[PDB]
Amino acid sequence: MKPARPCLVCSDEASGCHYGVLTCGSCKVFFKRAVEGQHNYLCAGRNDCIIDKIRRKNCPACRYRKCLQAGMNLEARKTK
């Protein structure tokens, strides 16, 4: 049992730099899926929901904001 190396968006076990920030493998494909298309989702609360290995599923909206705020960007850990 590992000392956590925590994903900057959800606190679950990071897996490497993904799109510019340490993150587990789910935020990587979440973000990739988010940016490419229609992220018009709505918060059921007050635009500030907690996140954590269970609750990242609850609010897509907040999760997308947490990706942005932590610096994820597509042509990063890449090109120019």
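Each form is matched to the other, and the largest set of C-alpha atoms that superpose within 1.5 Å is called the rigid core. The numbering used is simple: start at 1 and walk along the sequence shown.
Divergent stretch in 6 other deposited structures of this protein, 20 to 28 or 68 to 76 [C-alpha RMS, superposed by the core]: Once the cores are fitted, 68 to 76 deviates more in 6 other deposited structures of this protein.
When the core is superposed, where do the C-alphas shift more in 6 other deposited structures of this protein: in 36 to 44 or in 51 to 59? After superposing on the rigid core, the more displaced stretch in 6 other deposited structures of this protein is 36 to 44.
Regarding 56 to 64 and 11 to 19, which shows the higher C-alpha temperature factor on average in the entry? According to the entry, 11 to 19 carries the higher average C-alpha B-factor.
As stated in the PDB record, which stretch has the larger average Cα B-factor, 33 to 41 or 47 to 55? Result of the comparison: 33 to 41.
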